[PDB]
Amino acid sequence: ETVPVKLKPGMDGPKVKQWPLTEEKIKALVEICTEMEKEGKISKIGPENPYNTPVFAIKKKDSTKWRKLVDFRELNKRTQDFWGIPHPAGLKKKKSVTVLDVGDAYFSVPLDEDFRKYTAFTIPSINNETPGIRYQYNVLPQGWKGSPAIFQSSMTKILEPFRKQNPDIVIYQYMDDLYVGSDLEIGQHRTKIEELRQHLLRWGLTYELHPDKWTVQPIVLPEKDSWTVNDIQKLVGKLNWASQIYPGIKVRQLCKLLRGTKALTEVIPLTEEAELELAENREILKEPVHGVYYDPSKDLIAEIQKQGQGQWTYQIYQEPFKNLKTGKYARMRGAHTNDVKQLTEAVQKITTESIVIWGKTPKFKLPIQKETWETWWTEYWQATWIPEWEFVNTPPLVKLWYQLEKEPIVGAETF
Amino acid sequence: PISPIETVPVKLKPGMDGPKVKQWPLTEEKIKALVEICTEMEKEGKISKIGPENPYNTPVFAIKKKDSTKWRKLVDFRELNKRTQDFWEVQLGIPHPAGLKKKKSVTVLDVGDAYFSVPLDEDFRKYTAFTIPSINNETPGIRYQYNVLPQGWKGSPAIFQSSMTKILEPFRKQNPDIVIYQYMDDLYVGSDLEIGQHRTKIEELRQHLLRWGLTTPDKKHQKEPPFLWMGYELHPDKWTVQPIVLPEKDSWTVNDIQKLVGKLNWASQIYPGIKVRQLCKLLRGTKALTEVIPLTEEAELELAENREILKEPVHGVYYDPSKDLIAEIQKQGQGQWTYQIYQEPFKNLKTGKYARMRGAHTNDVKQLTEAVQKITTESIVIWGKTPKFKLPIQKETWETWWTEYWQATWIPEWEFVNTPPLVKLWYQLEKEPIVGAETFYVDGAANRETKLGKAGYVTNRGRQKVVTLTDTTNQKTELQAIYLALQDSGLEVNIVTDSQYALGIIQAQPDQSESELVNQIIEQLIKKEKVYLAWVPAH
Ligand SMILES: CCOCn1c(Cc2ccccc2)c(C(C)C)c(=O)[nH]c1=O
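Chains as they are written, first to last, in the entry's author numbering: chain B, 6 to 88, 93 to 215, 232 to 440; chain A, 1 to 539.
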């Protein structure tokens, strides 16, 4: 049957325009949609339905098979609330988590007839020689928040038998995904996961994270045989900025070493007073600032800075200077000449951690121009959900500070 | 004789009501024409005599066109329109000549009064009511309502197109090697079939439309190539540009110069060389649109060079999906870029240029990057593919720049082509302090309220200077301090400042700015053999 979904009081459906698509993509969406249309999941619609939601095609790893991805961000936001499952704090303390796309299960359930208009979408045509092909959903759409919700009774129902057979494994559902964490060893783990898929397949359904490894990393300050006017000037500027975080960070003694119009390359002898100050700073930076807790009723935020040479830094927080987590991302093999790829990959990684830790995606602040992002991010997108984002200008010092983060002695040695 | 086509469910905007505007008064003449026209339409099936059961109303008007000087009619739906629901955007992203695939033939069919061929949602009908006045407001005038998509009504175009799509679906399934393009009241049916097989297929399409009610056009009205598509003439073999005529006059108003500057600007996209600098220059301090500004010798001249360029036969090619798509770019002056997309050398599909985007602060590579993205967006829409690029910038200049820029940026598959001027990095701030070189400790401070300030420096070597400024700002002093350091130093310099703006200069390393001052600093930067900018916290 169909449960009466609705929009939040005063809201109207999305009327987001279709961004242009490549011919490869339009051809696949066309294939995919005639099929969905034949199977009864979507129906062509008229011009009386003024709504719209962007669509695109992504690649299902290992296959040539193109997957359809609708961007329901606007509909989701306008969709009434249903007050999902409470986040399992245990999930982060698990040796290895795996992700599975259970979005395919929704086509089975029908969509409230009165809500369908709101799911309208369009397939463009090259050079616009053909009018777009409009359809709306007759079933639960993938990527819509209302789906996992409405399909919850059925999801837990099919899940129990496995959960009891393996009570040491955690299963969490966000959107179309299922993250399964267990403390079992790689093989016993994955074999146990595939055990889950076989289970999941006898109804209709078909990433390897390691959360316990996510180390909180500190800021390590430079140490030197001799310090130059410049070195000190560089150090003083970072420390001064950093005092917005740890107010006990001081640069007065150091600043006195900068009294004088001397050559930038000139070496300055550090006064013991200046040396204690620095040592007291290292001690302060030795640990995360106090009293930072996650407030569930507040937007989570993720800022990123391009560090150069394939390196990237980010910090997830809710309040300025009160970080919940910080980190670095080094490009993945192959991404050598493409920043947008490194960026989308970073956003996906960061977003899954967020899901894994707090069970919600953050709102990003991306160091990219709007048009560069909008034109190419889909090319490298691989997750079923899509986070929110805003485009920003990276303050020179925020980057300078986080580049100071501690890296391994040698590295996580994979013998 | 209307149509067995299913109607579209139409409604009024959020709880509104249909128009109830009063019928404008008309003479016995204008009325008698309208009476004629409405007895006809009443029988074509398009409208229907109604009665006292309808409070709705729209004003009907009588105009005589030129075609027959015959009394015609016009219904003013402005009100009903502002009260009718919103429809999904009718086609507002139209084809571009450069993306058309050439065809052995294209035949344009006229689905002219096809608006009146499509039924109206019987429920909505009451809202389209109007009244034929009586001789100077006598007894009741004649009342009617539409039973088809009304000309000028808001939903007609959308609904007409949709209706046409459903009707056309069968034909398209049955012969995919035939492309039909729906625009307004035309169907541009094209194909690669033998001209005889083509003519035959079109007759079938025509006879198919006949089933659904669309009455077949007259031979007199028929349209033949080349087709006009705003600034272009599509010929079966290729496209050309429509004759763009600059009129010769002895008296130019501001309007004439603005309208002119417009047309010329449009031509800069197609024709190589167009210039409007001296024409625009005539606009300075104008006091009225009707103001007559005399053309200087210089405006006269460029106008003439223009008339000449514009009499060149710029022609073009159509798209062949089996050939490479290539896009070349030229930096035509700082901030201006020209590009031409082709598949086979010298046979362009499209050309164009991007105006000097006068921003607050960038660099050439960033700007080249932006021209490359705009182009890419264009190509995806036009051809659903991105062009291989040929860029006047060395692959080394790109690696050195992009790889270190604070912002994500990219250029798709591209290749270097040496067609000067090559874009490059005007300067690269040093990575570390210059040993040897003099160090300037610069400072500028101004009173934001009195706008009186000072700017100067002191160097490790002893040199110093201070300059007093009036009608300055603190940022200007901070910056002028930097300026003097550059002017007064040798080819290698180390400069220290607490100017937060200089911290931005160090990150982005702009080579063009919105500030003349920052600009001057750039000219000095570029001039040095080595510069090291070191920022330090103020106070
Ligand atoms: C005679 C050349 O006309 C341009 N032409 C056309 C018609 C055409 C005419 C006006 C606007 C758009 C398209 C088509 C289609 C739409 C039939 C084509 O495929 N190729 C082509 O060269």
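Built from N, CA and C at the ideal position, the CB exists for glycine as well.
According to a CB-to-CB cut-off of less than 7 Å, which residues of the stretch 419-442 of chain A neighbour chain B?
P433, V435, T439 and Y441
CA-CA distance, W398/B and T131/B?
21 Å
Where does the unbroken alpha helix (DSSP H) through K263/A begin, and where does it stop?
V254 to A267
Terminal residues of the beta strand (DSSP E) in which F116/B lies:
Neither: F116/B is in no beta strand (DSSP E) and is coded neither H nor E.
Which of the three DSSP states is assigned to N81/A in this structure?
helix
Would you verify that the beta carbon of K287/B is, or is not, closer than 8 Å to some beta carbon of chain A?
yes
Strictly under 8 Å for the Cβ-Cβ distance: is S162/A near chain B by that measure?
yes
The beta strand (DSSP E) that contains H221/A, what's its start and end?
That residue, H221/A, is in no beta strand (DSSP E); it is neither H nor E in DSSP.
Cβ-based contacts, 7 Å cut-off: residues of the stretch 363-387 of chain B near chain A:
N363, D364, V365 and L368
Hey, how far is the Cα of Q428/A from the Cα of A158/B?
55 Å
What does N81/A touch in chain B if you count any residue whose Cβ is under 8 Å from its own?
None at all; the shortest Cβ gap to chain B is about 15 Å.
Burial state of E312/A (16 or more Cβ within 10 Å):
exposed
If we ignore side chains and look at the alpha-carbon of each, how far apart do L193/B and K238/B end up?
15 Å
Mind listing the chain B neighbours of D471/A? Cutoff is C-beta to C-beta under 9 Å, in chain order.
Here the premise fails: no neighbours, minimum Cβ distance about 30 Å.
Just reading off the beta strand (DSSP E) that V189/B is part of, what are its end residues?
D186 to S191
Within this structure, are the beta carbons of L234/B and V106/B separated by less than 8 Å?
yes
Using a threshold of 7 Å, is the CB atom of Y501/A nearer than that to any non-hydrogen atom of ligand 1?
no
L120/A and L149/A: beta carbons closer than 8 Å?
yes
Going straight from the alpha carbon of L484/A to that of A288/A, what length do you get?
45 Å
Classify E404/B as helix, strand or coil using the three-state DSSP reduction.
helix
Contact list for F87/A against chain B, beta-carbon separation under 8 Å:
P52, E53 and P55
Given the structure, does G190/A come close to ligand 1, in the sense that its CB is under 7 Å from one of the ligand's heavy atoms?
yes
Looking at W383/A and ligand 1, is the gap between the Cβ and the nearest heavy atom below 7 Å?
no
Comparing C-alpha positions only, which one of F440/B, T400/B, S322/B and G333/B sits nearest to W383/B?
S322/B
Mind pulling the chain A residues with CB within less than 9 Å of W401/B?
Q373, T376, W410 and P412
What are the residues that DSSP puts in a beta bridge with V75/A?
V60/A
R356/A - DSSP class collapsed to helix/strand/coil
coil
In angstroms, rounded to a whole number, what distance separates the CA positions of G196/A and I47/B?
40 Å
Member of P313/B, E53/B, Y181/B and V118/B whose CA lies at the smallest distance from the CA of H96/B:
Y181/B
Anticipated Cβ contact below 8 Å, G18/B with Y127/B, distance rounded
4 Å
Between the C-alpha atoms of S322/A and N418/A, what's the straight-line distance to the nearest angstrom?
27 Å
Using only the heavy atoms of ligand 1, determine whether one of them is closer than 7 Å to the beta carbon of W229/A.
yes
If we define contact as Cβ-Cβ less than 8 Å, is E404/A a contact residue for chain B?
yes
Report whether the distance from the Cβ of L92/A to the nearest heavy atom of ligand 1 is below 7 Å.
no
Is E297/B helix, strand or coil by DSSP?
helix
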